[PDB]
Amino acid sequence: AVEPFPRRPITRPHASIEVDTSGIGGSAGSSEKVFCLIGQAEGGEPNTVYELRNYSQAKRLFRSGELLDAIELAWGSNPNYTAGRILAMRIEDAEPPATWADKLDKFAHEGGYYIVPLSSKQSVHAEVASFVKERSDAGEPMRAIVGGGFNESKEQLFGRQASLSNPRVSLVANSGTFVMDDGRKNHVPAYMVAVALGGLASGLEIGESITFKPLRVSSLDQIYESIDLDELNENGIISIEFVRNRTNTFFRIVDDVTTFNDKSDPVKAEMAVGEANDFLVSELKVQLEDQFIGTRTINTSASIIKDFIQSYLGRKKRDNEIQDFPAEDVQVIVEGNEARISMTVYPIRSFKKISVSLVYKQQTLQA
Amino acid sequence: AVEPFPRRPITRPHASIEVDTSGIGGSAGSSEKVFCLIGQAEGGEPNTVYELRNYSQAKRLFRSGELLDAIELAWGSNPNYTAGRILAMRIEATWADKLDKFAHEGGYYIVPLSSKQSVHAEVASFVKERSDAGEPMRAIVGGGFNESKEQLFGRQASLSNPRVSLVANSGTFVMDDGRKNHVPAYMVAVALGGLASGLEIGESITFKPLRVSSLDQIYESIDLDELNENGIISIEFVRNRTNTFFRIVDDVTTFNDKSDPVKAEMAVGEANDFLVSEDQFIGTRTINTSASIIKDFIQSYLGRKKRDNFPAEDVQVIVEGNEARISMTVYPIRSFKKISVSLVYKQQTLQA
Amino acid sequence: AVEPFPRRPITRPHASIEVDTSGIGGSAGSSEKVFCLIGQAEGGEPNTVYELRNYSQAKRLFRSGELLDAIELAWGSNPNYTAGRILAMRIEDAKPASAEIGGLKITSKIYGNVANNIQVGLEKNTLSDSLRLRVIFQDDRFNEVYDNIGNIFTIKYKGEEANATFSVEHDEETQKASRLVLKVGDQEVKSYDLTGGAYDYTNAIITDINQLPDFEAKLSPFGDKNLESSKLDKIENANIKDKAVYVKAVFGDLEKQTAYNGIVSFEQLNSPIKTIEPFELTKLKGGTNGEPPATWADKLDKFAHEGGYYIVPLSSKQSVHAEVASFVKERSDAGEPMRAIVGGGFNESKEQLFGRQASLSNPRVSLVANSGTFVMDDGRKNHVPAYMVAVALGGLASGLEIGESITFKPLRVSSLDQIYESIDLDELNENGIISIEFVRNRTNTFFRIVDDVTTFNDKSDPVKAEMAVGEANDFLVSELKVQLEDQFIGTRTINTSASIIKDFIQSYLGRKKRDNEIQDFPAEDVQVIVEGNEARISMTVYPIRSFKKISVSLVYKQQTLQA
Amino acid sequence: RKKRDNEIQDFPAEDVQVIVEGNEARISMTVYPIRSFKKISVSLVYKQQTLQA
Amino acid sequence: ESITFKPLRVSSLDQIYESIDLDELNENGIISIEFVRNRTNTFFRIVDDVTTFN
């Protein structure tokens with residue numbers, strides 16, 4: 001803005017100052033991913049959302065229940081990365097709830113992106129799928145991560161992935177044994193592994209894949225063979241590989257394939273680039289809206305909007321949230337009611353194939 | 001005019017000086033958009049239009065009444081803008097005879113502090129009677145404390161006029177005494193009129209914030225679209241951020257028509273009310289003419305001028321009855337309501 | 001100006017000088033961040049703003065009330081900075097104590113219930129033919145006596161004639177002395193007009209009369225007494241032949257000698273006028289405080305055009321906070337920038353602090369969360385509501401330089417009622433509430449001010465979010481307005497005027513850079529256009545900013561060592 | 001001389017034009033008069049600079 | 001040379017006009033004397049040299 005000093009005008013001879021702050025006013029940084037959990041628990045009032053920052057704070061707001069273990073796994077499984085905020089909600093009817101759709105809505109305008117329901121029921125999975133679709137269509141992009149029960153055959157997994165083929169749901173096959181800060185080792189259903197994967201994905205930078213990131217678990221109940229893992233990957237089911245040929249044995253997340261059945265478009269198939277797309281569109285929308293709508297269509301606006309877009313995309317390039325963009329494709333056309341804007345973006349892709357061609361050749365040494 | 005010195009004429013030998021002052025005259029600029037209010041107060045002498053310049057003077061003349069709360073909101077919604085003059089009158093039923101008193105007080109926006117539809121119709125009639133004269137005006141009005149969408153539509157249809165806007169929402173303002181003052185929607189209309197008076201000539205209140213504490217009703221996107229399309233102003237509670245705030249959705253007018261911006265959108269109507277508009281060669285210099293050679297001549301002229309300093313597709317010529325009207329198109333400054341972004345994902349081969 | 005010598009011109013052949021002083025005049029330095037408090041206390045005139053420079057002066061005006069404790073914290077909190085002036089005002093209305101006796105009004109110069117302990121008493125000294133006045137007041141251990149009161153000068157007649165008398169004429173219109181008359185025998189020998197001309201002072205009459213052979217005159221034995229001759233007391237036919245008659249003024253001598261008395265002022269009852277007569281000692285009565293005012297708005301108005309920048313009201317009431325918020329706003333908008341700092345009660349929950357911050361969002365107000373204890377110069381350890389901590393923060397902010405932030409500075413506080421975890425200080429800061437951090441990781445443990453955030457939530461604009469930047473802006477634009485006003489308005493548009501203004505602006509910004517009140521100015525961006533009746537000036541300024549983040553990226557690298 | 005005393009601001013020399021006819025001198029001139037300052041408007045643009053070492 | 005903002009030397013003024021009062025009188029072409037109060041030094045300015053012409 002620009003402001004007069006004094007604010008009240010003066011008629012008689014005087015000096016007055018007009019001051020412009022746009023050059024020092026800040027700007028919104030890169031948005032933050034926040035992780036959402038819905039859980040059976042003991043503790044605080046049900047059906048309200050708590051922002052949580054510390055395990056101690058969580059262990060005061062909640063006690064002795066699977067939600068608190070889920071929060072523990074969510075922070076503990078990503079040691080290398082900054083521990084983000086978590087949004088958590090106990091659920092009980094004011095007895096077991098018949099439906100969660102009535103409660104999921106209380107997340108709707110929270111600043112939250114990844115959802116995990118702490119239950120195995122396919123109906124709950126469908127409910128959260130519908131909710132994530134709803135909010136995305138409303139313009140609040142979200143994703144869900146989903147998992148089975150304690151132990152499931154490939155047949156059951158394929159059945160579930162049939163029941164939910166969706167670009168905003170991911171299914172986690174493996175269930176395993178974790179080790180807890182309480183000095184406890186517990187067998188858990190696969191959705192707790194999905195909690196771990198959501199913690200890692202929400203910790204990672206925007207547009208960074210969970211594929212081939214390590215996972216920390218005491219054991220897995222199902223150790224899938226190479227053909228088994230290829231089968232599940234073809235079906236768009238996330239699987240955990242036990243690395244055995246290395247001297248050190250550890251568990252990899254094999255891939256970040258969504259449950260969606262068509263692999264031809266990566267923006268729908270792969271979580272990372274879909275997330276990058278979601279954040280890029282959301283930030284473009286909200287920033288252009290608050291920047292320009294209602295402003296006067298002064299003759300130079302065709303410059304100013306191009307300069308704004310080029311600045312924004314330069315900032316996106318700086319953070320490695322896009323690969324590159326052509327500056328000259330940023331083009332603006334102004335008509336009396338409307339700004340019409342064109343841009344090209346090169347998005348950032350994770351490496352998923354490396355092909356080495358090795359040519360043996362002779363050289364004649366001589367002396 | 002040119003001044004003779006001496007003023008008296010003289011015929012004996014003398015010198016006289018003629019002074020052309022006209023190269024220095026000024027103050028030719030516009031009026032400011034003075035704001036106008038009518039409503040209940042204590043203390044002030046009824047049916048007298050007072051100029052007010054600060055809230056202390058207001059509390060000195062008016063007291064203990066809704067007009068002073070209105071003056072407060074009228075300067076409280078726009079703290080980051082010039083706090084300009086306000087015109088206000090205590091009214092102690094027909095209102096036209098009172099509104100007549102504003103007729104030669106140079107103020108552009110008026111709000112009646114009443115929800116009664118007869119009052120609003122009177123005010124619209126007054127705005128018409130003034131604006132068809134040489135002194136344009138506009139009005140803003142609002143409903144009661146809570147009115148349904150169908151009531152608001154019925155009101156807008158009954159009050160459908162290109163110089164009146166209806167505001168739907170009502171809410172609570174924190175006053176400078178700290179009171180949580182719950183107010184009917186016409187005080188929100190006062191707040192919007194204050195903002196619109198503070199903004200520059202042909203700035204627009206769309207997507208400006210409203211410094212209000214809460215709203216009686218929160219409308220979802222479909223209801224905001226419904227009210228906007230019906231030409232009713234509505235306030236959005238912006239929920240997509242931790243920094244939540246209230247936003248004026250649009251500056252629509254109770255006359256809604258897609259075919260004319262000037263009657264649909266308040267800011268362009270104001271621009272038209274305030275915009276300003278800006279060489280001859282005679283046929284005796286030529287044996288005969290036509291609109292074709294008139295057009296080509298004036299194109300050659302303005303080509304030379306624009307080279308020193310216009311598109312042939314944008315000048316029209318009509319010749320009639322020894323007279324030629326040459327009509328240029330001109331482009332005024334509007335304000336963006338739509339932004340359309342086409343985002344194309346390419347991919348690129350890197351090499352090293 | 002260019003000054004002519006002589007000022008009056010000459011039209012003979014002559015020489016004349018024209019001196020230009022404009023090269024040596026200097027200009028005013030950076031404005032004082034005078035600090036303002038409004039407070040209850042005993043003593044001092046109600047609704048009066050006092051400039052204060054010493055705590056001794058304050059404790060003489062204000063008698064141990066909470067205002068004096070606030071002034072104590074305001075100076076005492078950070079002694080490594082030069083002490084500022086303070087503006088102080090007493091909130092409650094308070095009547096002085098008074099009495100009526102002996103023909104006189106007696107009135108206290110102090111105000112409030114303490115004044116009812118004043119007592120005064122008046123008696124005849126029958127040896128000096130004088131009054132004697134006692135004044136005693138216990139609360140200060142004050143006791144003073146004034147004696148030989150009333151006698152001012154004397155006349156003796158030393159002629160051989162039997163009859164000689166002194167007389168003073170009334171002026172029944174005014175009760176003043178109209179004339180002095182000396183009679184010898186059946187006639188006046190000499191007489192003087194007392195209420196005008198050369199004899200309007202007693203000393204001049206004493207000087208003149210001593211010239212006459214038969215008469216001689218002298219001042220009173222005690223003290224040093226002179227009066228406007230109008231105040232001479234009515235005396236008739238006093239036989240100056242037998243003995244040296246003392247001429248008297250009673251009320252005039254009371255007035256004159258008590259002029260420097262700080263405890264009691266005297267006025268005379270009426271027209272007929274009552275004779276001054278001795279009376280048994282009486283206490284003063286009716287001095288009292290009233291009820292505390294329901295609104296402070298009309299009292300905060302008294303600080304208007306008192307050139308002080310930070311205000312703290314000594315109250316926890318939200319209504320008072322909204323009042324001072326409005327006052328700060330209106331003074332700012334009228335071109336007298338201000339800020340207020342505000343605090344809660346004794347210990348109030350975090351929900352209540354968010355309540356206050358939501359109810360009072362304004363970029364010119366700040367709210368202080370913590371409440372705690374201080375150790376006073378009296379040696380008390382006292383427990384104080386958070387607005388007294390806000391007083392301490394205001395004293396610091398007024399002690400720091402212009403734009404020097406209170407962010408991350410030590411607070412000389414003994415303890416806090418609430419010590420907040422990291423996350424609670426995070427949340428209070430995010431909501432724009434000032435808090436005090438107990439730094440435990442050091443061996444020396446001490447209290448830091450967490451941040452100087454204002455209560456205005458939107459962090460987007462630093463001139464709104466941060467006190468230091470808003471302060472620097474306010475002083476910049478204020479000193480620009482006032483100096484361009486006094487330097488150039490009404491001056492002629494000489495053909496060079498734009499260059500002169502450009503030089504003046506560059507000089508000013510050079511000073512602001514020198515003093516570290518801006519980071520820099522690109523001097524090429526200073527542009528001035530003069531067009532007819534006005535100048536338009538444009539300048540670029542890089543504002544001074546406190547550090548509030550440091551990021552270190554630390555890269556390990558191997559090194560190969562060989563020998 | 002008027003310019004020297006700051007009684008006018010300036011004048012264009014080339015606008016001083018004289019036409020002579022048998023009875024009459026006809027004289028043209030332009031003057032820029034001198035005005036007191038009655039308005040001063042300051043526009044202040046805050047801007048950032050990146051210091052580095 | 002204008003008398004506007006030149007100093008004036010007077011012991012006191014009977015009517016001290018407020019800022020709005022001075023603006024009103026200046027609009028009406030009436031010369032008014034302003035009591036400068038915000039400066040440490042208090043003095044009287046001649047506000048303007050407006051003639052009575054409308």
# chains A, B, ... in the order shown; residues from 1 in each chain; ligands from 1
>>> residues_around(residues="residue 9 in chain D", least_positions_apart="5", cutoff="7 Å", atoms="only C-alpha atoms", output="list in words")
residues 494 and 495 of chain C; 3, 32, 33 and 34 of chain D
>>> write_last_selection(atoms="N, CA and C atoms", output="JSON list (two decimals), in the first residue's frame")
[["chain", "number", "residue", "atom", "x", "y", "z"],
["C", 494, "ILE", "N", 12.97, 30.74, -6.28],
["C", 494, "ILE", "CA", 14.13, 31.19, -7.05],
["C", 494, "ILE", "C", 14.49, 30.11, -8.06],
["C", 495, "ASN", "N", 15.11, 30.52, -9.17],
["C", 495, "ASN", "CA", 15.45, 29.59, -10.24],
["C", 495, "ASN", "C", 16.31, 28.42, -9.76],
["D", 3, "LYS", "N", 15.25, 39.90, -13.28],
["D", 3, "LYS", "CA", 15.73, 38.58, -12.90],
["D", 3, "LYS", "C", 16.81, 38.67, -11.83],
["D", 32, "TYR", "N", 8.09, 34.58, -16.85],
["D", 32, "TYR", "CA", 7.80, 33.56, -15.85],
["D", 32, "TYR", "C", 7.78, 34.20, -14.47],
["D", 33, "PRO", "N", 6.63, 34.35, -13.81],
["D", 33, "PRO", "CA", 6.61, 35.05, -12.52],
["D", 33, "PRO", "C", 7.11, 34.14, -11.40],
["D", 34, "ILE", "N", 7.40, 34.77, -10.26],
["D", 34, "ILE", "CA", 7.99, 34.09, -9.11],
["D", 34, "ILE", "C", 6.90, 33.78, -8.10]]
>>> residues_around(residues="range 51-60 of chain C", least_positions_apart="2", cutoff="10 Å", atoms="only C-alpha atoms", output="list in words")
residues 34, 36, 43, 44, 48, 49, 62, 63, 64, 65, 67, 68, 69, 71, 72, 75, 76, 83, 84, 85, 86, 87, 88, 89 and 306 of chain C
>>> interface_residues(of="chain D", to="chain A", cutoff="9 Å", atoms="only C-alpha atoms", output="PDB file with C-alpha atoms, in the first residue's frame")
ATOM      1  CA  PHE D  37       6.146  27.577  -2.153  1.00  0.00           C
ATOM      2  CA  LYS D  38       2.778  26.660  -0.635  1.00  0.00           C
ATOM      3  CA  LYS D  39       2.834  22.865  -1.153  1.00  0.00           C
ATOM      4  CA  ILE D  40       5.629  20.337  -0.703  1.00  0.00           C
ATOM      5  CA  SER D  41       4.877  16.684  -1.510  1.00  0.00           C
ATOM      6  CA  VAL D  42       7.396  13.986  -0.536  1.00  0.00           C
ATOM      7  CA  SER D  43       7.182  10.482  -2.015  1.00  0.00           C
ATOM      8  CA  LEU D  44       9.250   8.016   0.032  1.00  0.00           C
ATOM      9  CA  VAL D  45      10.077   4.599  -1.452  1.00  0.00           C
ATOM     10  CA  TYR D  46      11.475   2.027   0.972  1.00  0.00           C
ATOM     11  CA  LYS D  47      13.708  -0.482  -0.802  1.00  0.00           C
ATOM     12  CA  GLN D  48      15.977  -3.388   0.159  1.00  0.00           C
TER      13      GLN D  48
END
>>> atom_distance(atom1="CA of residue 130 in chain A", atom2="CA of residue 271 in chain A")
17.5 Å
>>> residues_around(residues="residue 244 in chain B", least_positions_apart="2", cutoff="12 Å", atoms="only C-alpha atoms", output="PyMOL selection string")
(chain A and resi 109-111) or (chain B and resi 209-214+236-242+246-247) or (chain C and resi 457-458)
>>> write_last_selection(atoms="N, CA, C and O atoms", output="CSV table (one decimal), in the first residue's frame")
chain,number,residue,atom,x,y,z
A,109,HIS,N,-10.9,-27.3,6.5
A,109,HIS,CA,-10.2,-26.0,6.4
A,109,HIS,C,-9.0,-25.9,7.3
A,109,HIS,O,-8.4,-24.8,7.5
A,110,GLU,N,-8.5,-27.1,7.9
A,110,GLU,CA,-7.2,-27.1,8.5
A,110,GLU,C,-6.1,-27.2,7.4
A,110,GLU,O,-6.4,-27.6,6.2
A,111,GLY,N,-4.9,-26.7,7.7
A,111,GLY,CA,-3.9,-26.6,6.7
A,111,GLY,C,-3.1,-27.9,6.5
A,111,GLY,O,-1.9,-28.0,6.7
B,209,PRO,N,-10.4,-5.8,1.9
B,209,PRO,CA,-10.8,-6.4,3.2
B,209,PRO,C,-11.8,-5.5,3.9
B,209,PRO,O,-11.9,-4.3,3.8
B,210,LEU,N,-12.6,-6.2,4.8
B,210,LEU,CA,-13.4,-5.5,5.8
B,210,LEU,C,-13.0,-5.8,7.2
B,210,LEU,O,-12.9,-7.0,7.5
B,211,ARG,N,-12.7,-4.8,7.9
B,211,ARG,CA,-12.2,-5.0,9.3
B,211,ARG,C,-13.4,-5.2,10.3
B,211,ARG,O,-13.8,-4.3,11.1
B,212,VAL,N,-14.0,-6.4,10.2
B,212,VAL,CA,-15.2,-6.7,11.0
B,212,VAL,C,-14.8,-8.0,11.8
B,212,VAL,O,-14.0,-8.8,11.4
B,213,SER,N,-15.4,-8.0,13.0
B,213,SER,CA,-15.0,-9.1,14.0
B,213,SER,C,-15.7,-10.4,13.7
B,213,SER,O,-15.1,-11.4,13.8
B,214,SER,N,-17.0,-10.4,13.3
B,214,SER,CA,-17.7,-11.6,12.9
B,214,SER,C,-18.8,-11.2,12.0
B,214,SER,O,-19.2,-10.1,11.9
B,236,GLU,N,-17.2,-12.5,2.0
B,236,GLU,CA,-16.6,-13.8,2.1
B,236,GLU,C,-15.7,-13.9,3.3
B,236,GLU,O,-14.9,-13.0,3.6
B,237,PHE,N,-15.9,-15.0,4.1
B,237,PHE,CA,-15.0,-15.4,5.1
B,237,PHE,C,-13.9,-16.2,4.5
B,237,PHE,O,-14.1,-17.4,4.2
B,238,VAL,N,-12.7,-15.7,4.4
B,238,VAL,CA,-11.6,-16.4,3.7
B,238,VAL,C,-11.0,-17.4,4.7
B,238,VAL,O,-10.4,-17.0,5.7
B,239,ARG,N,-11.2,-18.7,4.4
B,239,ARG,CA,-10.8,-19.8,5.3
B,239,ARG,C,-9.6,-20.6,4.8
B,239,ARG,O,-9.1,-21.4,5.5
B,240,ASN,N,-9.1,-20.3,3.6
B,240,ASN,CA,-8.0,-21.1,3.0
B,240,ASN,C,-6.7,-20.8,3.7
B,240,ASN,O,-5.7,-21.4,3.1
B,241,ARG,N,-6.6,-20.1,4.7
B,241,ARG,CA,-5.3,-19.7,5.3
B,241,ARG,C,-5.4,-19.6,6.8
B,241,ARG,O,-6.5,-19.4,7.3
B,242,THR,N,-4.3,-19.8,7.5
B,242,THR,CA,-4.3,-19.5,9.0
B,242,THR,C,-4.6,-18.0,9.2
B,242,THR,O,-5.3,-17.7,10.2
B,246,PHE,N,-11.9,-11.2,6.3
B,246,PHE,CA,-13.1,-11.0,5.6
B,246,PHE,C,-12.9,-10.1,4.3
B,246,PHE,O,-12.2,-9.1,4.4
B,247,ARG,N,-13.4,-10.6,3.2
B,247,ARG,CA,-13.1,-10.0,1.9
B,247,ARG,C,-14.4,-9.6,1.2
B,247,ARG,O,-15.4,-10.4,1.2
C,457,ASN,N,-1.6,-8.6,13.8
C,457,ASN,CA,-1.2,-9.9,13.5
C,457,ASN,C,-0.4,-10.1,12.2
C,457,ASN,O,0.5,-10.9,12.2
C,458,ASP,N,-0.7,-9.3,11.2
C,458,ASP,CA,-0.2,-9.7,9.9
C,458,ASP,C,1.3,-9.3,9.8
C,458,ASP,O,1.7,-8.2,9.7
>>> residues_around(residues="range 12-27 of chain E", least_positions_apart="6", cutoff="10 Å", atoms="only C-alpha atoms", output="list in words")
residues 10, 11, 12 and 13 of chain A; 52, 53, 54 and 57 of chain B; 334 of chain C; 33, 34, 35, 43, 44, 47, 48, 49, 50, 51, 52 and 54 of chain E
>>> write_last_selection(atoms="N, CA and C atoms", output="PDB file, in the first residue's frame")
ATOM      1  N   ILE A  10      -4.722  18.375   4.940  1.00  0.00           N
ATOM      2  CA  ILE A  10      -4.548  19.762   5.352  1.00  0.00           C
ATOM      3  C   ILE A  10      -4.806  20.648   4.141  1.00  0.00           C
ATOM      4  N   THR A  11      -5.525  21.749   4.355  1.00  0.00           N
ATOM      5  CA  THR A  11      -5.766  22.739   3.311  1.00  0.00           C
ATOM      6  C   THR A  11      -4.682  23.815   3.270  1.00  0.00           C
ATOM      7  N   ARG A  12      -4.401  24.437   4.414  1.00  0.00           N
ATOM      8  CA  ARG A  12      -3.442  25.526   4.478  1.00  0.00           C
ATOM      9  C   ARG A  12      -2.039  25.055   4.083  1.00  0.00           C
ATOM     10  N   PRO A  13      -1.138  25.991   3.763  1.00  0.00           N
ATOM     11  CA  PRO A  13       0.192  25.609   3.261  1.00  0.00           C
ATOM     12  C   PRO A  13       0.921  24.674   4.216  1.00  0.00           C
TER      13      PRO A  13
ATOM     14  N   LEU B  52     -18.423  17.465   8.589  1.00  0.00           N
ATOM     15  CA  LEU B  52     -17.590  16.950   9.668  1.00  0.00           C
ATOM     16  C   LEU B  52     -16.210  16.598   9.138  1.00  0.00           C
ATOM     17  N   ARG B  53     -15.182  16.908   9.936  1.00  0.00           N
ATOM     18  CA  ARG B  53     -13.797  16.675   9.555  1.00  0.00           C
ATOM     19  C   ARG B  53     -13.035  15.746  10.490  1.00  0.00           C
ATOM     20  N   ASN B  54     -13.475  15.574  11.736  1.00  0.00           N
ATOM     21  CA  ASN B  54     -12.896  14.549  12.595  1.00  0.00           C
ATOM     22  C   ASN B  54     -13.918  14.084  13.622  1.00  0.00           C
ATOM     23  N   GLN B  57     -15.035  16.463  16.460  1.00  0.00           N
ATOM     24  CA  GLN B  57     -16.075  17.398  16.043  1.00  0.00           C
ATOM     25  C   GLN B  57     -17.441  16.720  15.951  1.00  0.00           C
TER      26      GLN B  57
ATOM     27  N   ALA C 334      -3.367  12.767  13.314  1.00  0.00           N
ATOM     28  CA  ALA C 334      -3.185  14.215  13.314  1.00  0.00           C
ATOM     29  C   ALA C 334      -1.733  14.636  13.116  1.00  0.00           C
TER      30      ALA C 334
ATOM     31  N   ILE E  33      -3.736  33.576  12.303  1.00  0.00           N
ATOM     32  CA  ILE E  33      -2.453  33.435  12.986  1.00  0.00           C
ATOM     33  C   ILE E  33      -2.470  32.112  13.745  1.00  0.00           C
ATOM     34  N   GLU E  34      -1.478  31.267  13.475  1.00  0.00           N
ATOM     35  CA  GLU E  34      -1.374  29.935  14.064  1.00  0.00           C
ATOM     36  C   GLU E  34      -0.416  29.956  15.246  1.00  0.00           C
ATOM     37  N   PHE E  35      -0.863  29.412  16.377  1.00  0.00           N
ATOM     38  CA  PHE E  35       0.005  29.183  17.528  1.00  0.00           C
ATOM     39  C   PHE E  35       0.750  27.864  17.364  1.00  0.00           C
ATOM     40  N   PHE E  43       5.629  29.798  19.108  1.00  0.00           N
ATOM     41  CA  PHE E  43       5.618  31.102  18.465  1.00  0.00           C
ATOM     42  C   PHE E  43       4.415  31.168  17.534  1.00  0.00           C
ATOM     43  N   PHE E  44       4.130  32.376  17.055  1.00  0.00           N
ATOM     44  CA  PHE E  44       2.985  32.643  16.191  1.00  0.00           C
ATOM     45  C   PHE E  44       3.412  32.828  14.739  1.00  0.00           C
ATOM     46  N   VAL E  47      -0.418  32.428   8.888  1.00  0.00           N
ATOM     47  CA  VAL E  47      -0.708  31.192   8.165  1.00  0.00           C
ATOM     48  C   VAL E  47      -0.581  31.397   6.661  1.00  0.00           C
ATOM     49  N   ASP E  48      -1.205  32.443   6.123  1.00  0.00           N
ATOM     50  CA  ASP E  48      -1.244  32.594   4.675  1.00  0.00           C
ATOM     51  C   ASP E  48      -1.487  34.048   4.303  1.00  0.00           C
ATOM     52  N   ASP E  49      -1.158  34.371   3.053  1.00  0.00           N
ATOM     53  CA  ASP E  49      -1.354  35.695   2.468  1.00  0.00           C
ATOM     54  C   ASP E  49      -2.504  35.699   1.463  1.00  0.00           C
ATOM     55  N   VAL E  50      -3.571  34.954   1.754  1.00  0.00           N
ATOM     56  CA  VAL E  50      -4.731  34.926   0.868  1.00  0.00           C
ATOM     57  C   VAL E  50      -5.491  36.241   0.972  1.00  0.00           C
ATOM     58  N   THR E  51      -5.789  36.838  -0.181  1.00  0.00           N
ATOM     59  CA  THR E  51      -6.695  37.975  -0.228  1.00  0.00           C
ATOM     60  C   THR E  51      -8.130  37.534   0.049  1.00  0.00           C
ATOM     61  N   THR E  52      -8.981  38.526   0.312  1.00  0.00           N
ATOM     62  CA  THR E  52     -10.400  38.297   0.554  1.00  0.00           C
ATOM     63  C   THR E  52     -11.160  37.873  -0.700  1.00  0.00           C
ATOM     64  N   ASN E  54     -12.809  35.799  -3.638  1.00  0.00           N
ATOM     65  CA  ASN E  54     -13.444  34.492  -3.510  1.00  0.00           C
ATOM     66  C   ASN E  54     -12.967  33.447  -4.514  1.00  0.00           C
TER      67      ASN E  54
END
>>> closest_residue(among="B:136, B:25, B:198, B:106", to="chain C", atoms="only C-alpha atoms")
B:25
